[PDB]
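First the structure, in the form of structure tokens, and then the observations on it.
FYI, side chains are in, hydrogens and waters are out, and symmetry mates aren't considered; it's all heavy atoms of this structure. Below, chains carry the letters A, B, ... as their sequence lines are ordered, and counting in each starts from 1. We count ligands from 1, going down the list as the structure has it; atoms in each ligand are counted the same way.
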Amino acid sequence: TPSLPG
Amino acid sequence: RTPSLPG
Amino acid sequence: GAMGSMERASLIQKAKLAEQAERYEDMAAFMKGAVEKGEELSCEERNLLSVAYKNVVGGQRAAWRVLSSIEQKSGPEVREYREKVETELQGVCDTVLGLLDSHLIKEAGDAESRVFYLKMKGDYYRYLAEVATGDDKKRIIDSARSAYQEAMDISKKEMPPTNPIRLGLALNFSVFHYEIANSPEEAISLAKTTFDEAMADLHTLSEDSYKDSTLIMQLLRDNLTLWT
Amino acid sequence: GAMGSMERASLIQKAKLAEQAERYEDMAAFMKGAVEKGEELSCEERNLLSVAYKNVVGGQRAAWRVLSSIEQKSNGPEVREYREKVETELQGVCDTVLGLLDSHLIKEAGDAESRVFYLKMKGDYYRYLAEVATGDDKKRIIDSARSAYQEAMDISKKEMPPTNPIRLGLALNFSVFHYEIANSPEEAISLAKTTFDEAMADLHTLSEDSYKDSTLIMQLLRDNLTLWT
Ligand SMILES: *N1CCC[C@@H]1[C@H](c1ccccc1)c1cccc(OC)c1
Ligand SMILES: *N1CCC[C@@H]1[C@H](c1ccccc1)c1cccc(OC)c1
Ligand SMILES: [Cl-]
Ligand SMILES: [Cl-]
Ligand code: NA
Ligand code: NA
Ligand code: NA
Ligand code: NA
Ligand code: NA
């Protein structure tokens, strides 16, 4: 699952 | 610059 | 520290040059030196610190995942090299966590910055947990949860539910629950509650703020769809 | 050194893993350790060595160009200091490669393929030093690059066919040297043209796969010719 991109 | 061999 | 003899303002200037040159290890080293001067960071400086280390650790994580995939498909060489990258990644995470504990979190002068740093602490323990095993992994997971939970407590008291830092914290904490702590119920509950409480206030926001908040709400939604 | 206790074959295996992970500094360090075992490199291993250091120095060169441009536009000490830091690291990598070539890899003995490959590489790494050098020191570095390229050219013309990809890549880089470093664009253009034309005439001797290998480098020569003329 992806996390915050920045 | 002019490109050189890419490898 | 190798940066101890350089002026703080020079370190910040060189961090920005390193970013322009895509020299992220240099950028991180310059920002570490700036943090170690002992003064608080501005919002811009906080972001420089986060960008620098995210780029460094992100490259290490990607390499670790490549090697781990080769290792699982499979002499000792793949394991050895995976362990080498793993040790370097752990070193970078330990460095970041050390800056946060000594003493960014305790010196943060406002709620936004304290939440920013406690979220970062949760994130870097989370990156450690991705590669940890056994009892060490269990301790790391508890450390990540405690940092994220303290950030949550502050954000609920001090920030509006649409605030992008609060939303991004909830996003990353919910990822922690699902991917690390094997707690999908907690991940879903957190993402859902965050989504609904932000939605209630979208009508009060400016155009730019509405875009900021719905962007992160959509990241929460993407994860809810995967998890449901 | 840190690789002295590792088996040669394990170093090569780990270089290949480092390449898959895009960890080019590690890849270069593993290949350096393999070279230091004192055995000749195979064709595949020569290419691993070259790819590894090309990517390391390539990142440094790109960063140096960014910082040099900022420094030139600005003309405190910070920009110069940081450009100098990157420059020194770049020079250190070039010195490492040149040291491996001179201490371990360049030999009077040798098959033409390897001798040309390593002499071309020596020319290339002196050329990278020349990109950041100034004044009289630049002149000596330029002549070192020229001498290495010229020796590689002489061997390649005697011992290799005009379509050989190593020979073609050497001519491409030597012509870039003439154009970009040595202030000799007419020589650059003449070399690219004769090299292209002499390869064209011999393509009929090649298999489908060798034809693709040779024509891809010929296409690079033509791209530079059309840029320059
Ligand atoms: N993520 C956490 C702090 C840095 C980075 C944020 C961010 C970027 C993109 C989406 C979400 C957060 C950030 C990076 C670069 C610059 C800024 O402000 C200019 C913010
Ligand atoms: N360039 C000089 C030696 C390594 C590399 C070459 C190459 C790649 C792409 C275009 C031209 C040359 C190379 C790398 C990896 C494998 C091979 O097989 C010949 C060649
Ligand atoms: Cl290793
Ligand atoms: Cl510097
Ligand atoms: Na000072
Ligand atoms: Na093996
Ligand atoms: Na040994
Ligand atoms: Na021959
Ligand atoms: Na043209």
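Coordination check, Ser10(D) versus the Na ion (ligand 6): failed, since every N/O/S atom of the residue sits at 3.0 Å or beyond.
Per residue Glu159(D), closest N, O or S atom to the Na ion (ligand 8): atom name O. Considering just the N/O/S atoms of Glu77(C), the one nearest the Na ion (ligand 6) carries the name OE1. For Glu7(C), the N/O/S atom at the shortest distance from the Na ion (ligand 5) is named OE1.
Without hydrogens or angle criteria, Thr229(D) side chain to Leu225(D) main chain gives a donor-acceptor distance under 3.5 Å.
Of all non-hydrogen atoms in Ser4(B) and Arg127(D), the two that sit nearest each other are CB-NH2, 4.0 Å.
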task: In sequence, state the C-alpha distance, the side-chain angles, and the governing distance for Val66(C) and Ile70(C), and then conclude on side-chain contact (heavy atoms from CB on, under 4.5 Å).
output: CA-CA 6 Å; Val66(C) 165; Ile70(C) 295 165; 4.1 Å; yes

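One finds no salt bridge joining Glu150(C) and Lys121(C) here, because no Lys/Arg side-chain nitrogen approaches an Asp/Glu carboxylate oxygen to under 4.0 Å.
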